[PDB]
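Here's the structure we're looking at; comments come further down.
Hydrogens, waters and symmetry mates play no part in the numbers below; they use all other heavy atoms, side chains included. Proteins come first, then strands; the chains are lettered A, B, ... in the order of their sequence lines, and each starts at number 1.
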Amino acid sequence: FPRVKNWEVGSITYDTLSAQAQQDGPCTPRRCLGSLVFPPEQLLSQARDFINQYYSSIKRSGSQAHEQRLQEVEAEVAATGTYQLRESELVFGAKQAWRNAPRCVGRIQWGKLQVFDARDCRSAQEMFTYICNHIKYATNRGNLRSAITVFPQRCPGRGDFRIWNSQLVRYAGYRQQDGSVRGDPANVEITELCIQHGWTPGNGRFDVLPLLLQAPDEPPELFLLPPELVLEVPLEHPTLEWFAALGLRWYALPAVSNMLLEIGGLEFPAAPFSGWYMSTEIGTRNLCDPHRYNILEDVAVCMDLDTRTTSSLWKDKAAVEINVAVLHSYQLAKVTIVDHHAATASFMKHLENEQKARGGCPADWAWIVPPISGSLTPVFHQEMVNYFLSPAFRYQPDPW
Amino acid sequence: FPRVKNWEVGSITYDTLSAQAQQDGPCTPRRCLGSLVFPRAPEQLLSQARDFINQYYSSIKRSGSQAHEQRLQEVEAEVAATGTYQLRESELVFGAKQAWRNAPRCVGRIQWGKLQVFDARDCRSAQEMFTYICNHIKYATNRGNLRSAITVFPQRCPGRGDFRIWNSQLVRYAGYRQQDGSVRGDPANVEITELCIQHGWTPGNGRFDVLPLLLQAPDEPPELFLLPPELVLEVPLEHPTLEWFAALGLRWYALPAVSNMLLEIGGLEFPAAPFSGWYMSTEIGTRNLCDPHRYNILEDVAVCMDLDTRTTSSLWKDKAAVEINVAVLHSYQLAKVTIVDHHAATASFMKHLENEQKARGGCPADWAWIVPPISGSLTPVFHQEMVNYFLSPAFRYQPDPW
Ligand code: HEM
Ligand code: HEM
Ligand SMILES: C[C@H](O)[C@H](O)[C@H]1CNc2nc(N)[nH]c(=O)c2N1
Ligand SMILES: C[C@H](O)[C@H](O)[C@H]1CNc2nc(N)[nH]c(=O)c2N1
Ligand SMILES: CNCCCc1cc(C)cc(N)n1
Ligand SMILES: CNCCCc1cc(C)cc(N)n1
Ligand SMILES: [Cl-]
Ligand SMILES: [Cl-]
Ligand SMILES: [Gd]
Ligand SMILES: [Gd]
Ligand SMILES: [Gd]
Ligand SMILES: [Zn+2]
């Protein structure tokens, strides 16, 4: 049972939960790969395990109703080759995957999640309206609310429900007469697919991409989003009057539409989850990463900083002010957003919660520590154990 | 063989070097323990030494030669006769450079070949040990133009206890448990400070009192030695545009000299082999001064900056820490004392990884230690995947001798 220390306070815990880890991770006694991003009837083992989880949680181990539900899934797989999840189970499992996500720093919220069950979905113009309910629900005029919509569980012999975009809101990226990119370069490829499938490209740098939505075996179909449903925030700085002129914006709803929810051995390749943003996500990664918007040197010129020597820390000053603008902009617009201090402190709280409840917590240190000011947040000084619990969110190959 | 991607650029390389990982670390396929700070007969001494000698002869382009098999048999015949063996001087110099090269948590490894090696394996007493240490500090400090150096004291051997430097670094500031329940000085150093007093040191009571050395000779209690003040070069901390900053009274010392780690070379063990380089600004400005469990000046600076410390979203912590780092860089540059910032350091470490891939087919690296503790993703190492593993020769942790 791994010994885990917090170096700010000196306290020690033991991760007894780590013993359950199923899908073995990427590391070996020989080498550590913790820093790498992307490192028939077995279906009943994973469903038995999940159902046993559900009842224990509602204090219902070893009972009539516990006995009972094990048999129906036994018979369901026997006849048809899979099974259907009871409504409450799909809800319980959606929350558990979130609770189990090692790279999510906001899991103190894991118990408050709105589950839209789209399992009876049947087409692309159908898909679009489920997605469109979710978005408008979760956005809620800026008072953001966590939601996951769950589309049909994949089956053999038939195609797949998949969202071809990484997120529900994504900006375009276009090459040029010199190869380089206007717009967001994280989405250069999916932009090229959309322009291919009929979409008329804009000139702008913040063109909200049309959803490529795909129903089983039928090809994708472009689905222009209602611009009044895409809540956005123009970026301004509280005291740097010129920051607004830079013309920067980001969207309100972070909604991940390419991961594959897995409950009880069942795989839902379309299950968009959404919450709200941590400011460093926008202001540090999205805007300042060299391979993303790469605005850092432009804000430093406008601040009349000395970009000629790295020891002026001009990169660090400009970055802090870009983050201030994000928090200021979002707060002015009344869109739910949380700073990396408030958020990491709440995750520390979560770890103590999960300590008493489940005896530990899988956390990925490299993803919990924020990309600025890491050692100024408490999680920096917290040792962490990383492992895989089910149910979970998993990565999946792109549908091409 | 692990595929390793650079997310900033799109580069892809495979780490074949990891295949030869000598010892084992704490992770398994069940679970990663990478973020843990402390993750821990003649025949096996033989195959270790055999491996190092094979290394040494490869570096001098003599692999498979007369001299190469001569040394092998020499070493075997000596472990047979004595249960151990002695390194040649040139083997020792190569061994200490490799250990630097192999150290997964050092971001400064671009320099690994520029290392001055003081052979002190003839040392006899704590007193001779003290003299060797002062000569080390003197040469490395070099009046502010710092030089990388290591001093190697006698190896562990059957029949005799170890040499040990009880201090974790050659220059450390006292930490006195206080009136309330607080610490005056550096709270990382209360234990060693208690030990020095318990061994006859007359305590000071400032915040930056330099500690005496406790030097341990084989089968002897530690002996207290005071460092001559004129030999510990310090830097008063001032801010280039914030003139009230000098009234904080903060200082730091020039020479980072780690003194409690163990140098391992072809199976031989050197529990006393202190080494020194020059500081990266974040060690002082972020960690040593802003850590809540260290000098913890972050809120005091922020108030002085007239930042609004009542809400986190104003990013007062971020802004105050950036200025503390600025002050460190400026103070060391004003005082003409070598220093590298996390941007310069991480960029040069990226060249090191490129040198190492061509030379050895990879590089062992502890991501969470290489990425700076401020402005992480602003530096290029954040966006670089890394493989962490243990190669020998090596610097290892060892327990406190008390
Ligand atoms: C409500 C507030 C939430 C906040 C502030 C938050 C914050 C974050 C952040 C900062 C990341 C790192 C992502 C990156 O840097 O690429 C992350 C990852 C993740 N989050 Fe959350 N999250 C929230 C809610 C949720 C919800 C509702 C779910 C699912 C139902 C979720 C599941 C995940 C997963 C699976 C990842 C891993 C993403 C990946 O591997 O690319 N989180 N979260
Ligand atoms: C010349 C300039 C050098 C720079 C800028 C540098 C940089 C660094 C930094 C910033 C750390 C992390 C320290 C911490 O966060 O506690 C580190 C760790 C380390 N360095 Fe270097 N270094 C230098 C020279 C050297 C030399 C000369 C050696 C040995 C011969 C060495 C061996 C090590 C070791 C063993 C560690 C890990 C120590 C530990 O695990 O506590 N470095 N280095
Ligand atoms: C190479 C490195 O593992 C990679 O850049 C990771 C590090 N930590 C991260 N953490 C978060 N939250 N998001 C990321 O994209 C990354 N990138
Ligand atoms: C628990 C966590 O691993 C610990 O705080 C580490 C993180 N990374 C670090 N990185 C460096 N360079 N030095 C440190 O002391 C630490 N501490
Ligand atoms: C590249 N990351 C995509 C968006 C990540 C994310 C997802 C969620 C659900 C919340 C959040 N705060 N952040
Ligand atoms: C806990 N380590 C404290 C000193 C670390 C260190 C050591 C060396 C040799 C150089 C450096 N720049 N930093
Ligand atoms: Cl994003
Ligand atoms: Cl230090
Ligand atoms: Gd101007
Ligand atoms: Gd001033
Ligand atoms: Gd004061
Ligand atoms: Zn690992």
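Ion pair A/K315/A/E297 not flagged as a salt bridge, since none of the NZ, NE, NH1 or NH2 atoms sits closer than 4.0 Å to an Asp/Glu carboxylate oxygen. The pair A/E267-A/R394 meets the salt-bridge criterion, with a side-chain N (NZ, NE, NH1 or NH2) lying under 4.0 Å from an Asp/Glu carboxylate O. Salt bridge annotation for A/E218-A/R162: absent, with no cationic side-chain nitrogen under 4.0 angstrom from a carboxylate oxygen. Residues A/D207 and A/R205 are not paired through a salt bridge, judged by the lack of any N-O separation under 4.0 Å between the basic side chain and the carboxylate. Contact check on A/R249 versus A/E236 returns no salt bridge, with no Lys/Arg side-chain nitrogen under 4.0 Å from an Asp/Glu carboxylate oxygen.
For A/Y137, the side-chain hydrogen bond (donor to acceptor under 3.5 Å, both in side chains) partners two or more places apart in sequence, or in a different chain, are A/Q114.
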* To do: Evaluate the side chain to side chain contact (heavy atoms under 4.5 Å, CB included) criterion for residues A/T139 and A/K136: first the C-alpha distance (whole Å), next the side-chain angles of each, then the deciding distance (0.1 Å), finally the verdict.
  => CA-CA 5 Å; A/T139 301; A/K136 105 95 205 199; 5.9 Å; no
* Would you sort out whether A/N165 and A/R170 count as a side chain to side chain donor-acceptor pair (under 3.5 Å), showing the intermediate values? => CA-CA 8 Å; A/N165 327 82; A/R170 289 273 64 170; over 6 Å; no
* Under the salt bridge (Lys or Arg N to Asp or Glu O under 4.0 Å) rule, what do A/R69 and A/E89 come out as? Steps first, then yes or no, please. => CA-CA 11 Å; A/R69 173 57 170 160; A/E89 292 166 349; 2.6 Å; yes
* To do: Decide side chain to side chain contact (heavy atoms under 4.5 Å, CB included) for A/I163 and A/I131; before the verdict, give the C-alpha distance in whole Å, the side-chain angles of both, and the deciding distance to 0.1 Å.
  => CA-CA 10 Å; A/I163 299 99; A/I131 289 169; 4.3 Å; yes
* Go through the steps to decide whether A/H134 and A/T149 satisfy the test side chain to side chain donor-acceptor pair (under 3.5 Å), and finish with yes or no. => CA-CA 7 Å; A/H134 179 129; A/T149 299; 2.7 Å; yes
* **side chain to side chain contact (heavy atoms under 4.5 Å, CB included) evaluation trace for A/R158 with A/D160** => CA-CA 7 Å; A/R158 179 238 56 171; A/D160 254 348; 3.2 Å; yes
* To do: Could you check A/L168 against A/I135 for side chain to side chain contact (heavy atoms under 4.5 Å, CB included), going step by step and ending with a plain yes or no?
  => CA-CA 8 Å; A/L168 296 189; A/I135 284 180; 3.9 Å; yes
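Here the shortest heavy-atom pairing between A/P2 and A/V385 reads CB-CG2, 4.3 Å. Nearest heavy atom pair, residue A/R119 against residue A/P152, reads O-CG, 3.4 Å. Nearest heavy atom pair, residue A/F50 against residue A/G264, reads CB-CA, 3.4 Å. Nearest heavy atoms, A/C121 versus A/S123: SG-O, 3.7 Å. In plain terms, the two heavy atoms of A/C361 and A/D15 that are nearest each other are N-OD2, 3.3 Å. The minimum heavy-atom distance between A/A363 and A/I368, with the atom names listed, is CB-CG1, 4.3 Å.
With A/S390 as the fixed residue, the side-chain hydrogen bond (donor to acceptor under 3.5 Å, both in side chains) test singles out one of A/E262, A/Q46, A/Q22: A/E262. A side-chain hydrogen bond (donor to acceptor under 3.5 Å, both in side chains) with A/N100 holds for exactly one of A/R358, A/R107, A/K95; it is A/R358.
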Side-chain donor-acceptor distances from residues 190-197 of chain A under 3.5 Å, at least two apart:
{"from": "A/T191", "atom 1": "OG1", "to": "A/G173", "atom 2": "N", "distance (Å)": "3.1"}
{"from": "A/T191", "atom 1": "OG1", "to": "A/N187", "atom 2": "O", "distance (Å)": "2.5"}
{"from": "A/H197", "atom 1": "ND1", "to": "A/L193", "atom 2": "O", "distance (Å)": "3.1"}

N/O donor to acceptor pairs below 3.5 angstrom from side-chain atoms of residues 26-35 of chain A, sequence neighbours left out:
{"from": "A/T28", "atom 1": "OG1", "to": "A/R30", "atom 2": "N", "distance (Å)": "3.3"}
{"from": "A/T28", "atom 1": "OG1", "to": "A/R31", "atom 2": "N", "distance (Å)": "3.4"}
{"from": "A/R30", "atom 1": "NH1", "to": "B/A19", "atom 2": "O", "distance (Å)": "3.2"}
{"from": "A/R31", "atom 1": "NH1", "to": "A/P26", "atom 2": "O", "distance (Å)": "3.1"}
{"from": "A/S35", "atom 1": "OG", "to": "B/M386", "atom 2": "N", "distance (Å)": "2.8"}
{"from": "A/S35", "atom 1": "OG", "to": "B/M386", "atom 2": "O", "distance (Å)": "3.0"}

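Aromatic ring centroids of A/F223 and A/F128 lie under 6.0 Å apart. Taking the centre of each ring, A/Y130 and A/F116 stay at or above the 6.0 Å mark. When ring centroids are compared, A/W365 and B/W367 stay outside the 6.0 Å threshold. You'll find the ring centres of A/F268 and A/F151 outside the 6.0 Å limit.
Between A/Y330 and A/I282 the shortest side-chain heavy-atom distance falls below 4.5 Å. Contact check for A/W250 versus A/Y293: side-chain heavy atoms found under the 4.5 Å cut-off. Two residues are said to be in side-chain contact when any heavy atoms from C-beta on lie closer than 4.5 Å; B/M350 and B/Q384 meet this criterion. Side-chain atoms of B/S377 and A/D289, non-hydrogen and from C-beta on, do get closer than 4.5 Å to each other. Between A/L248 and A/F206 there is a side-chain heavy-atom pair separated by less than 4.5 Å. With a 4.5 Å cut-off on side-chain heavy atoms, A/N353 and A/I108 count as touching. In this structure, the side chains of A/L266 and A/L43 come closer than 4.5 Å at one or more pairs of heavy atoms. Under the 4.5 Å side-chain criterion, counting only non-hydrogen atoms from C-beta, A/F388 is not in contact with A/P362.
Once rounded to the nearest 0.5 Å, the distance linking CZ of A/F38 with CD of B/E385 reads 8.5 Å. Here A/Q53 contributes atom CD and A/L389 contributes atom CG; the two are 8.0 Å apart, rounded to the nearest 0.5 Å. Distance check, rounded to the nearest 0.5 Å: OG1 of A/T344 to CZ of A/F380 gives 12.5 Å. Note that OG of B/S375 and CD1 of A/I372 are 7.0 Å apart. Values are rounded to the nearest 0.5 Å. Rounding to the nearest 0.5 angstrom, the gap separating the CZ atom in A/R285 from the CG atom in A/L287 is 11.5 Å. Atom-to-atom distance recorded for B/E8:CD and A/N294:CG is 8.5 Å, nearest 0.5 angstrom.
Under the 6.0 Å distance and 45° angle rule, B/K5 counts as a cation-pi partner of B/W7.
Heavy atoms from other residues, nucleotides or ligands lying under 6.0 Å from CD of A/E41 number 12 at most.
Below 30°, between 30° and 60°, or above 60°: for A/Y171 and A/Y251 the angle between ring planes is above 60°, a perpendicular geometry. Relative ring orientation between A/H350 and A/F347 is described as parallel, the plane-to-plane angle staying below 30° on a 0-90° scale split at 30° and 60°.
A/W276 and A/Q109 share no side-chain donor-acceptor pair at under 3.5 Å.
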